[PDB]
>>> print(open('target35.cif').read())   # mmCIF, N, CA and C atoms; chains and numbers go by the auth columns
data_final
#
loop_
_atom_site.group_PDB
_atom_site.id
_atom_site.type_symbol
_atom_site.label_atom_id
_atom_site.label_comp_id
_atom_site.label_asym_id
_atom_site.label_seq_id
_atom_site.Cartn_x
_atom_site.Cartn_y
_atom_site.Cartn_z
_atom_site.B_iso_or_equiv
_atom_site.auth_seq_id
_atom_site.auth_asym_id
ATOM 1 N N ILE A 1 -10.403 -14.716 -2.538 0.00 6 A
ATOM 2 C CA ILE A 1 -10.612 -15.534 -3.765 0.00 6 A
ATOM 3 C C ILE A 1 -9.620 -15.055 -4.850 0.00 6 A
ATOM 4 N N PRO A 2 -9.034 -15.943 -5.632 0.00 7 A
ATOM 5 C CA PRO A 2 -8.104 -15.514 -6.712 0.00 7 A
ATOM 6 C C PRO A 2 -8.757 -14.440 -7.600 0.00 7 A
ATOM 7 N N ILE A 3 -8.219 -13.254 -7.584 0.00 8 A
ATOM 8 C CA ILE A 3 -8.772 -12.128 -8.384 0.00 8 A
ATOM 9 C C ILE A 3 -9.368 -12.597 -9.736 0.00 8 A
ATOM 10 N N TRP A 4 -8.707 -13.487 -10.433 0.00 9 A
ATOM 11 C CA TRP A 4 -9.230 -13.957 -11.767 0.00 9 A
ATOM 12 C C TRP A 4 -10.434 -14.894 -11.570 0.00 9 A
ATOM 13 N N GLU A 5 -10.992 -14.959 -10.381 0.00 10 A
ATOM 14 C CA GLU A 5 -12.167 -15.870 -10.139 0.00 10 A
ATOM 15 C C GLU A 5 -13.346 -15.069 -9.569 0.00 10 A
ATOM 16 N N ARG A 6 -13.093 -13.968 -8.913 0.00 11 A
ATOM 17 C CA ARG A 6 -14.231 -13.179 -8.348 0.00 11 A
ATOM 18 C C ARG A 6 -14.893 -12.363 -9.457 0.00 11 A
ATOM 19 N N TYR A 7 -16.013 -11.766 -9.156 0.00 12 A
ATOM 20 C CA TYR A 7 -16.751 -10.949 -10.169 0.00 12 A
ATOM 21 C C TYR A 7 -16.494 -9.465 -9.892 0.00 12 A
ATOM 22 N N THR A 8 -15.973 -9.158 -8.733 0.00 13 A
ATOM 23 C CA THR A 8 -15.681 -7.737 -8.371 0.00 13 A
ATOM 24 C C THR A 8 -14.290 -7.676 -7.731 0.00 13 A
ATOM 25 N N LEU A 9 -13.627 -6.546 -7.808 0.00 14 A
ATOM 26 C CA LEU A 9 -12.246 -6.425 -7.229 0.00 14 A
ATOM 27 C C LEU A 9 -12.256 -5.534 -5.987 0.00 14 A
ATOM 28 N N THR A 10 -11.418 -5.840 -5.040 0.00 15 A
ATOM 29 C CA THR A 10 -11.351 -5.022 -3.803 0.00 15 A
ATOM 30 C C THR A 10 -10.524 -3.768 -4.072 0.00 15 A
ATOM 31 N N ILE A 11 -10.344 -2.945 -3.079 0.00 16 A
ATOM 32 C CA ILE A 11 -9.538 -1.726 -3.279 0.00 16 A
ATOM 33 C C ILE A 11 -8.100 -2.155 -3.588 0.00 16 A
ATOM 34 N N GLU A 12 -7.632 -3.184 -2.935 0.00 17 A
ATOM 35 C CA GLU A 12 -6.242 -3.655 -3.188 0.00 17 A
ATOM 36 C C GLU A 12 -6.181 -4.288 -4.579 0.00 17 A
ATOM 37 N N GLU A 13 -7.105 -5.158 -4.902 0.00 18 A
ATOM 38 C CA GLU A 13 -7.086 -5.767 -6.249 0.00 18 A
ATOM 39 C C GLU A 13 -7.341 -4.657 -7.268 0.00 18 A
ATOM 40 N N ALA A 14 -8.201 -3.733 -6.933 0.00 19 A
ATOM 41 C CA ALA A 14 -8.496 -2.612 -7.865 0.00 19 A
ATOM 42 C C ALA A 14 -7.251 -1.736 -8.018 0.00 19 A
ATOM 43 N N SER A 15 -6.670 -1.298 -6.938 0.00 20 A
ATOM 44 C CA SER A 15 -5.458 -0.445 -7.063 0.00 20 A
ATOM 45 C C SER A 15 -4.437 -1.146 -7.964 0.00 20 A
ATOM 46 N N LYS A 16 -4.254 -2.423 -7.797 0.00 21 A
ATOM 47 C CA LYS A 16 -3.284 -3.153 -8.665 0.00 21 A
ATOM 48 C C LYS A 16 -3.881 -3.297 -10.065 0.00 21 A
ATOM 49 N N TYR A 17 -4.910 -4.085 -10.163 0.00 22 A
ATOM 50 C CA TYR A 17 -5.594 -4.330 -11.469 0.00 22 A
ATOM 51 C C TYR A 17 -6.032 -2.993 -12.098 0.00 22 A
ATOM 52 N N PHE A 18 -6.815 -2.235 -11.383 0.00 23 A
ATOM 53 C CA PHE A 18 -7.306 -0.920 -11.890 0.00 23 A
ATOM 54 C C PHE A 18 -6.369 0.185 -11.409 0.00 23 A
ATOM 55 N N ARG A 19 -5.158 0.209 -11.896 0.00 24 A
ATOM 56 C CA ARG A 19 -4.181 1.258 -11.456 0.00 24 A
ATOM 57 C C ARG A 19 -4.863 2.624 -11.381 0.00 24 A
ATOM 58 N N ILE A 20 -5.480 2.907 -10.269 0.00 25 A
ATOM 59 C CA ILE A 20 -6.167 4.217 -10.079 0.00 25 A
ATOM 60 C C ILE A 20 -5.880 4.682 -8.642 0.00 25 A
ATOM 61 N N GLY A 21 -5.824 5.962 -8.410 0.00 26 A
ATOM 62 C CA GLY A 21 -5.538 6.447 -7.030 0.00 26 A
ATOM 63 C C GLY A 21 -6.460 5.748 -6.032 0.00 26 A
ATOM 64 N N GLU A 22 -5.895 4.952 -5.172 0.00 27 A
ATOM 65 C CA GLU A 22 -6.698 4.225 -4.157 0.00 27 A
ATOM 66 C C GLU A 22 -7.699 5.185 -3.491 0.00 27 A
ATOM 67 N N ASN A 23 -7.309 6.417 -3.311 0.00 28 A
ATOM 68 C CA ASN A 23 -8.202 7.412 -2.644 0.00 28 A
ATOM 69 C C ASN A 23 -9.464 7.675 -3.476 0.00 28 A
ATOM 70 N N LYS A 24 -9.389 7.567 -4.774 0.00 29 A
ATOM 71 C CA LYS A 24 -10.609 7.829 -5.597 0.00 29 A
ATOM 72 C C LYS A 24 -11.592 6.687 -5.392 0.00 29 A
ATOM 73 N N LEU A 25 -11.137 5.483 -5.552 0.00 30 A
ATOM 74 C CA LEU A 25 -12.043 4.315 -5.363 0.00 30 A
ATOM 75 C C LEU A 25 -12.766 4.441 -4.021 0.00 30 A
ATOM 76 N N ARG A 26 -12.053 4.785 -2.985 0.00 31 A
ATOM 77 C CA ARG A 26 -12.693 4.915 -1.646 0.00 31 A
ATOM 78 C C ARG A 26 -13.611 6.142 -1.621 0.00 31 A
ATOM 79 N N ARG A 27 -13.251 7.184 -2.319 0.00 32 A
ATOM 80 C CA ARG A 27 -14.105 8.406 -2.320 0.00 32 A
ATOM 81 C C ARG A 27 -15.323 8.185 -3.220 0.00 32 A
ATOM 82 N N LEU A 28 -15.173 7.435 -4.275 0.00 33 A
ATOM 83 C CA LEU A 28 -16.332 7.187 -5.177 0.00 33 A
ATOM 84 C C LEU A 28 -17.385 6.375 -4.417 0.00 33 A
ATOM 85 N N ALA A 29 -17.031 5.202 -3.972 0.00 34 A
ATOM 86 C CA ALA A 29 -18.007 4.362 -3.220 0.00 34 A
ATOM 87 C C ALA A 29 -18.616 5.183 -2.087 0.00 34 A
ATOM 88 N N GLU A 30 -17.812 5.556 -1.132 0.00 35 A
ATOM 89 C CA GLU A 30 -18.320 6.356 0.015 0.00 35 A
ATOM 90 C C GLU A 30 -19.214 7.490 -0.496 0.00 35 A
ATOM 91 N N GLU A 31 -18.990 7.944 -1.701 0.00 36 A
ATOM 92 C CA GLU A 31 -19.820 9.046 -2.252 0.00 36 A
ATOM 93 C C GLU A 31 -21.076 8.458 -2.909 0.00 36 A
ATOM 94 N N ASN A 32 -20.907 7.490 -3.773 0.00 37 A
ATOM 95 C CA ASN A 32 -22.079 6.869 -4.465 0.00 37 A
ATOM 96 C C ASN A 32 -22.391 5.509 -3.828 0.00 37 A
ATOM 97 N N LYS A 33 -22.699 5.500 -2.558 0.00 38 A
ATOM 98 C CA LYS A 33 -23.021 4.214 -1.869 0.00 38 A
ATOM 99 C C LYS A 33 -23.980 3.388 -2.731 0.00 38 A
ATOM 100 N N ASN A 34 -24.774 4.039 -3.540 0.00 39 A
ATOM 101 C CA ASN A 34 -25.742 3.307 -4.406 0.00 39 A
ATOM 102 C C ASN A 34 -25.147 3.137 -5.805 0.00 39 A
ATOM 103 N N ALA A 35 -23.850 3.209 -5.917 0.00 40 A
ATOM 104 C CA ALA A 35 -23.206 3.054 -7.250 0.00 40 A
ATOM 105 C C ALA A 35 -23.649 1.725 -7.877 0.00 40 A
ATOM 106 N N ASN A 36 -23.792 1.691 -9.168 0.00 41 A
ATOM 107 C CA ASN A 36 -24.208 0.428 -9.835 0.00 41 A
ATOM 108 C C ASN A 36 -23.002 -0.515 -9.955 0.00 41 A
ATOM 109 N N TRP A 37 -21.839 -0.092 -9.498 0.00 42 A
ATOM 110 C CA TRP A 37 -20.610 -0.951 -9.618 0.00 42 A
ATOM 111 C C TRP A 37 -20.001 -1.265 -8.242 0.00 42 A
ATOM 112 N N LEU A 38 -20.409 -0.594 -7.189 0.00 43 A
ATOM 113 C CA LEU A 38 -19.806 -0.877 -5.848 0.00 43 A
ATOM 114 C C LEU A 38 -20.629 -1.948 -5.119 0.00 43 A
ATOM 115 N N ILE A 39 -19.996 -2.698 -4.253 0.00 44 A
ATOM 116 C CA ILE A 39 -20.705 -3.777 -3.512 0.00 44 A
ATOM 117 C C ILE A 39 -20.151 -3.829 -2.082 0.00 44 A
ATOM 118 N N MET A 40 -20.973 -3.555 -1.104 0.00 45 A
ATOM 119 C CA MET A 40 -20.495 -3.596 0.307 0.00 45 A
ATOM 120 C C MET A 40 -20.722 -4.991 0.882 0.00 45 A
ATOM 121 N N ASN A 41 -19.674 -5.753 1.021 0.00 46 A
ATOM 122 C CA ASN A 41 -19.809 -7.125 1.589 0.00 46 A
ATOM 123 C C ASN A 41 -19.653 -7.034 3.105 0.00 46 A
ATOM 124 N N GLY A 42 -20.717 -6.739 3.799 0.00 47 A
ATOM 125 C CA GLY A 42 -20.629 -6.610 5.277 0.00 47 A
ATOM 126 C C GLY A 42 -19.980 -5.276 5.608 0.00 47 A
ATOM 127 N N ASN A 43 -18.756 -5.099 5.197 0.00 48 A
ATOM 128 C CA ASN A 43 -18.047 -3.825 5.486 0.00 48 A
ATOM 129 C C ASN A 43 -17.002 -3.547 4.396 0.00 48 A
ATOM 130 N N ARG A 44 -16.467 -4.575 3.793 0.00 49 A
ATOM 131 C CA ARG A 44 -15.433 -4.373 2.737 0.00 49 A
ATOM 132 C C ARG A 44 -16.098 -3.959 1.422 0.00 49 A
ATOM 133 N N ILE A 45 -15.659 -2.874 0.843 0.00 50 A
ATOM 134 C CA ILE A 45 -16.248 -2.420 -0.451 0.00 50 A
ATOM 135 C C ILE A 45 -15.550 -3.157 -1.596 0.00 50 A
ATOM 136 N N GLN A 46 -16.255 -3.453 -2.667 0.00 51 A
ATOM 137 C CA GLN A 46 -15.611 -4.166 -3.821 0.00 51 A
ATOM 138 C C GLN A 46 -15.963 -3.455 -5.134 0.00 51 A
ATOM 139 N N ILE A 47 -15.031 -3.436 -6.049 0.00 52 A
ATOM 140 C CA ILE A 47 -15.240 -2.761 -7.362 0.00 52 A
ATOM 141 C C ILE A 47 -15.730 -3.770 -8.402 0.00 52 A
ATOM 142 N N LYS A 48 -16.599 -3.355 -9.283 0.00 53 A
ATOM 143 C CA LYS A 48 -17.085 -4.285 -10.341 0.00 53 A
ATOM 144 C C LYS A 48 -16.066 -4.288 -11.477 0.00 53 A
ATOM 145 N N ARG A 49 -15.903 -5.396 -12.150 0.00 54 A
ATOM 146 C CA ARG A 49 -14.907 -5.457 -13.264 0.00 54 A
ATOM 147 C C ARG A 49 -15.628 -5.323 -14.609 0.00 54 A
ATOM 148 N N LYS A 50 -16.757 -5.956 -14.761 0.00 55 A
ATOM 149 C CA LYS A 50 -17.483 -5.872 -16.062 0.00 55 A
ATOM 150 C C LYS A 50 -17.755 -4.411 -16.438 0.00 55 A
ATOM 151 N N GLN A 51 -18.585 -3.738 -15.694 0.00 56 A
ATOM 152 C CA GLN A 51 -18.912 -2.321 -16.028 0.00 56 A
ATOM 153 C C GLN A 51 -17.664 -1.437 -15.942 0.00 56 A
ATOM 154 N N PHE A 52 -16.769 -1.728 -15.042 0.00 57 A
ATOM 155 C CA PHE A 52 -15.548 -0.880 -14.906 0.00 57 A
ATOM 156 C C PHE A 52 -14.504 -1.278 -15.966 0.00 57 A
ATOM 157 N N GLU A 53 -14.046 -2.503 -15.948 0.00 58 A
ATOM 158 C CA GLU A 53 -13.004 -2.945 -16.934 0.00 58 A
ATOM 159 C C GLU A 53 -13.272 -2.362 -18.325 0.00 58 A
ATOM 160 N N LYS A 54 -14.503 -2.125 -18.678 0.00 59 A
ATOM 161 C CA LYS A 54 -14.772 -1.564 -20.033 0.00 59 A
ATOM 162 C C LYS A 54 -14.302 -0.117 -20.106 0.00 59 A
ATOM 163 N N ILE A 55 -14.452 0.630 -19.045 0.00 60 A
ATOM 164 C CA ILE A 55 -14.034 2.063 -19.081 0.00 60 A
ATOM 165 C C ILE A 55 -12.619 2.245 -18.509 0.00 60 A
ATOM 166 N N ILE A 56 -11.746 1.275 -18.637 0.00 61 A
ATOM 167 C CA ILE A 56 -10.360 1.455 -18.082 0.00 61 A
ATOM 168 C C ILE A 56 -9.489 2.225 -19.088 0.00 61 A
ATOM 169 N N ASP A 57 -9.319 1.713 -20.278 0.00 62 A
ATOM 170 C CA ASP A 57 -8.484 2.435 -21.288 0.00 62 A
ATOM 171 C C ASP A 57 -9.196 3.731 -21.679 0.00 62 A
ATOM 172 N N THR A 58 -10.351 3.942 -21.122 0.00 63 A
ATOM 173 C CA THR A 58 -11.154 5.159 -21.429 0.00 63 A
ATOM 174 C C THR A 58 -10.698 6.320 -20.541 0.00 63 A
ATOM 175 N N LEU A 59 -10.172 6.017 -19.394 0.00 64 A
ATOM 176 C CA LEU A 59 -9.743 7.097 -18.468 0.00 64 A
ATOM 177 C C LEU A 59 -8.425 7.700 -18.971 0.00 64 A
#
>>> encode(input="target35.cif", output="structure tokens")
Amino acid sequence: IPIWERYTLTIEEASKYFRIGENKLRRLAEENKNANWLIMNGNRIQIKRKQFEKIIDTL
């Protein structure tokens, strides 16, 4: 789905959009499987933009 249309970003959309070490996003989810921002769609993990996008310029 066009990144500007989904509600959550994948690791690829996140690495681009959320310029963050791809390894952290994968380590965070795999670590906080119950994260309030991660979403496992069958097998692909997705990053939330609302709760995350707010803490981007914060990092």
>>> resolve_selection(input="target35.cif", expression="the PyMOL selection byres ((chain A and resi 17-31) around 8)", output="ChimeraX atom specification")
/A:8,13-16,32-37,51-52,58,61
>>> write_last_selection(input="target35.cif", atoms="N, CA and C atoms", output="tab-separated table (two decimals), in the coordinates of the input")
chain	number	residue	atom	x	y	z
A	8	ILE	N	-8.22	-13.25	-7.58
A	8	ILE	CA	-8.77	-12.13	-8.38
A	8	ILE	C	-9.37	-12.60	-9.74
A	13	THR	N	-15.97	-9.16	-8.73
A	13	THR	CA	-15.68	-7.74	-8.37
A	13	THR	C	-14.29	-7.68	-7.73
A	14	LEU	N	-13.63	-6.55	-7.81
A	14	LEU	CA	-12.25	-6.42	-7.23
A	14	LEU	C	-12.26	-5.53	-5.99
A	15	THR	N	-11.42	-5.84	-5.04
A	15	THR	CA	-11.35	-5.02	-3.80
A	15	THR	C	-10.52	-3.77	-4.07
A	16	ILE	N	-10.34	-2.94	-3.08
A	16	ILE	CA	-9.54	-1.73	-3.28
A	16	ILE	C	-8.10	-2.15	-3.59
A	32	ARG	N	-13.25	7.18	-2.32
A	32	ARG	CA	-14.10	8.41	-2.32
A	32	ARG	C	-15.32	8.18	-3.22
A	33	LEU	N	-15.17	7.44	-4.28
A	33	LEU	CA	-16.33	7.19	-5.18
A	33	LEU	C	-17.39	6.38	-4.42
A	34	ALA	N	-17.03	5.20	-3.97
A	34	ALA	CA	-18.01	4.36	-3.22
A	34	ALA	C	-18.62	5.18	-2.09
A	35	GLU	N	-17.81	5.56	-1.13
A	35	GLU	CA	-18.32	6.36	0.02
A	35	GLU	C	-19.21	7.49	-0.50
A	36	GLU	N	-18.99	7.94	-1.70
A	36	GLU	CA	-19.82	9.05	-2.25
A	36	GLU	C	-21.08	8.46	-2.91
A	37	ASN	N	-20.91	7.49	-3.77
A	37	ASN	CA	-22.08	6.87	-4.46
A	37	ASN	C	-22.39	5.51	-3.83
A	51	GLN	N	-16.26	-3.45	-2.67
A	51	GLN	CA	-15.61	-4.17	-3.82
A	51	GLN	C	-15.96	-3.46	-5.13
A	52	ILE	N	-15.03	-3.44	-6.05
A	52	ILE	CA	-15.24	-2.76	-7.36
A	52	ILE	C	-15.73	-3.77	-8.40
A	58	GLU	N	-14.05	-2.50	-15.95
A	58	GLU	CA	-13.00	-2.94	-16.93
A	58	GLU	C	-13.27	-2.36	-18.32
A	61	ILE	N	-11.75	1.27	-18.64
A	61	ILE	CA	-10.36	1.46	-18.08
A	61	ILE	C	-9.49	2.22	-19.09
>>> atom_distance(input="target35.cif", atom1="atom CA of residue 59 of chain A", atom2="atom N of residue 47 of chain A")
25.1 Å
>>> atom_distance(input="target35.cif", atom1="atom C of residue 39 of chain A", atom2="atom N of residue 64 of chain A")
20.4 Å
>>> atom_distance(input="target35.cif", atom1="atom CA of residue 50 of chain A", atom2="atom CA of residue 62 of chain A")
22.8 Å
>>> select_by_dssp(input="target35.cif", residues="chain A", states="helix (DSSP H, G or I)", output="PyMOL selection string")
chain A and resi 16-22+27-36+55-59
>>> write_last_selection(input="target35.cif", atoms="N, CA and C atoms", output="compact mmCIF listing (two decimals), keeping the file's coordinate frame")
# COMPACT_ATOMS: atom_id res chain seq x y z
N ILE A 16 -10.34 -2.94 -3.08
CA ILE A 16 -9.54 -1.73 -3.28
C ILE A 16 -8.10 -2.15 -3.59
N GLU A 17 -7.63 -3.18 -2.94
CA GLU A 17 -6.24 -3.66 -3.19
C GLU A 17 -6.18 -4.29 -4.58
N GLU A 18 -7.10 -5.16 -4.90
CA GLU A 18 -7.09 -5.77 -6.25
C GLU A 18 -7.34 -4.66 -7.27
N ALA A 19 -8.20 -3.73 -6.93
CA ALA A 19 -8.50 -2.61 -7.86
C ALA A 19 -7.25 -1.74 -8.02
N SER A 20 -6.67 -1.30 -6.94
CA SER A 20 -5.46 -0.44 -7.06
C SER A 20 -4.44 -1.15 -7.96
N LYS A 21 -4.25 -2.42 -7.80
CA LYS A 21 -3.28 -3.15 -8.66
C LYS A 21 -3.88 -3.30 -10.06
N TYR A 22 -4.91 -4.08 -10.16
CA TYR A 22 -5.59 -4.33 -11.47
C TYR A 22 -6.03 -2.99 -12.10
N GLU A 27 -5.90 4.95 -5.17
CA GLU A 27 -6.70 4.22 -4.16
C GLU A 27 -7.70 5.18 -3.49
N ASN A 28 -7.31 6.42 -3.31
CA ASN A 28 -8.20 7.41 -2.64
C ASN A 28 -9.46 7.68 -3.48
N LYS A 29 -9.39 7.57 -4.77
CA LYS A 29 -10.61 7.83 -5.60
C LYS A 29 -11.59 6.69 -5.39
N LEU A 30 -11.14 5.48 -5.55
CA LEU A 30 -12.04 4.32 -5.36
C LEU A 30 -12.77 4.44 -4.02
N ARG A 31 -12.05 4.78 -2.98
CA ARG A 31 -12.69 4.92 -1.65
C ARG A 31 -13.61 6.14 -1.62
N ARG A 32 -13.25 7.18 -2.32
CA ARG A 32 -14.10 8.41 -2.32
C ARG A 32 -15.32 8.18 -3.22
N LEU A 33 -15.17 7.44 -4.28
CA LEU A 33 -16.33 7.19 -5.18
C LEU A 33 -17.39 6.38 -4.42
N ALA A 34 -17.03 5.20 -3.97
CA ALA A 34 -18.01 4.36 -3.22
C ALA A 34 -18.62 5.18 -2.09
N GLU A 35 -17.81 5.56 -1.13
CA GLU A 35 -18.32 6.36 0.02
C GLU A 35 -19.21 7.49 -0.50
N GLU A 36 -18.99 7.94 -1.70
CA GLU A 36 -19.82 9.05 -2.25
C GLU A 36 -21.08 8.46 -2.91
N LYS A 55 -16.76 -5.96 -14.76
CA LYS A 55 -17.48 -5.87 -16.06
C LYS A 55 -17.76 -4.41 -16.44
N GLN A 56 -18.58 -3.74 -15.69
CA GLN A 56 -18.91 -2.32 -16.03
C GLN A 56 -17.66 -1.44 -15.94
N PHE A 57 -16.77 -1.73 -15.04
CA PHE A 57 -15.55 -0.88 -14.91
C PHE A 57 -14.50 -1.28 -15.97
N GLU A 58 -14.05 -2.50 -15.95
CA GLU A 58 -13.00 -2.94 -16.93
C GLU A 58 -13.27 -2.36 -18.32
N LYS A 59 -14.50 -2.12 -18.68
CA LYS A 59 -14.77 -1.56 -20.03
C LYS A 59 -14.30 -0.12 -20.11
>>> select_by_dssp(input="target35.cif", residues="chain A", states="strand (DSSP E or B)", output="NGL selection string")
:A and (13-15 or 43-46 or 49-53)
>>> axis_aligned_box(input="target35.cif", around="segment 46-61 of chain A", padding_each_side="6 Å", output="lines of an AutoDock Vina configuration file")
center_x = -15.1
center_y = -2.4
center_z = -7.2
size_x = 23.2
size_y = 21.4
size_z = 37.7
>>> decode(input="target35.cif", residues="segment 11-29 of chain A", atoms="N, CA, C and O atoms", output="CSV table (one decimal), in the first residue's frame")
chain,number,residue,atom,x,y,z
A,11,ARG,N,-1.0,3.8,4.4
A,11,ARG,CA,-1.2,2.8,5.5
A,11,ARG,C,-1.1,3.6,6.8
A,11,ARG,O,-0.9,4.7,6.9
A,12,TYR,N,-1.4,2.8,7.9
A,12,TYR,CA,-1.4,3.4,9.3
A,12,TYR,C,-0.1,3.0,10.0
A,12,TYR,O,0.2,3.6,11.0
A,13,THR,N,0.6,2.1,9.5
A,13,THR,CA,1.9,1.6,10.1
A,13,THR,C,2.9,1.4,9.0
A,13,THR,O,2.6,1.2,7.8
A,14,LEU,N,4.2,1.5,9.3
A,14,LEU,CA,5.2,1.4,8.3
A,14,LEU,C,6.0,0.1,8.4
A,14,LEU,O,6.2,-0.4,9.5
A,15,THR,N,6.5,-0.5,7.4
A,15,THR,CA,7.2,-1.7,7.5
A,15,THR,C,8.7,-1.4,7.8
A,15,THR,O,9.0,-0.3,8.0
A,16,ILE,N,9.5,-2.4,7.9
A,16,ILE,CA,10.9,-2.2,8.2
A,16,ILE,C,11.5,-1.4,7.1
A,16,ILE,O,12.3,-0.5,7.3
A,17,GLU,N,11.2,-1.7,5.9
A,17,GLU,CA,11.7,-0.9,4.7
A,17,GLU,C,11.2,0.5,4.7
A,17,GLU,O,11.9,1.4,4.6
A,18,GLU,N,9.9,0.6,4.9
A,18,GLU,CA,9.3,2.0,4.9
A,18,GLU,C,9.8,2.7,6.1
A,18,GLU,O,10.1,3.9,6.1
A,19,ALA,N,10.0,2.0,7.2
A,19,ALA,CA,10.5,2.6,8.5
A,19,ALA,C,12.0,3.0,8.2
A,19,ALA,O,12.3,4.1,8.5
A,20,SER,N,12.8,2.1,7.8
A,20,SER,CA,14.2,2.5,7.6
A,20,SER,C,14.3,3.7,6.7
A,20,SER,O,15.0,4.6,7.0
A,21,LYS,N,13.5,3.8,5.7
A,21,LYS,CA,13.5,5.0,4.8
A,21,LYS,C,12.8,6.2,5.6
A,21,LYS,O,13.5,7.2,6.0
A,22,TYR,N,11.6,6.1,5.8
A,22,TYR,CA,10.8,7.1,6.5
A,22,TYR,C,11.4,7.4,7.9
A,22,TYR,O,11.8,8.5,8.2
A,23,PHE,N,11.5,6.4,8.7
A,23,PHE,CA,12.1,6.5,10.1
A,23,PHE,C,13.6,6.2,10.0
A,23,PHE,O,14.0,5.2,10.5
A,24,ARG,N,14.4,7.0,9.4
A,24,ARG,CA,15.9,6.7,9.3
A,24,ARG,C,16.4,6.3,10.6
A,24,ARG,O,16.9,7.0,11.4
A,25,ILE,N,16.3,5.0,10.8
A,25,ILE,CA,16.8,4.4,12.1
A,25,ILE,C,17.5,3.1,11.8
A,25,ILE,O,17.1,2.4,10.8
A,26,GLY,N,18.5,2.7,12.5
A,26,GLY,CA,19.2,1.4,12.2
A,26,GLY,C,18.2,0.3,12.0
A,26,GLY,O,17.5,-0.1,12.9
A,27,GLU,N,18.1,-0.2,10.8
A,27,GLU,CA,17.1,-1.3,10.6
A,27,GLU,C,17.2,-2.4,11.6
A,27,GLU,O,16.2,-3.0,12.0
A,28,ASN,N,18.4,-2.6,12.1
A,28,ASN,CA,18.6,-3.7,13.2
A,28,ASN,C,17.9,-3.3,14.5
A,28,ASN,O,17.5,-4.2,15.2
A,29,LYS,N,17.7,-2.1,14.8
A,29,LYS,CA,17.0,-1.7,16.0
A,29,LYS,C,15.5,-2.1,15.9
A,29,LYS,O,14.9,-2.7,16.7
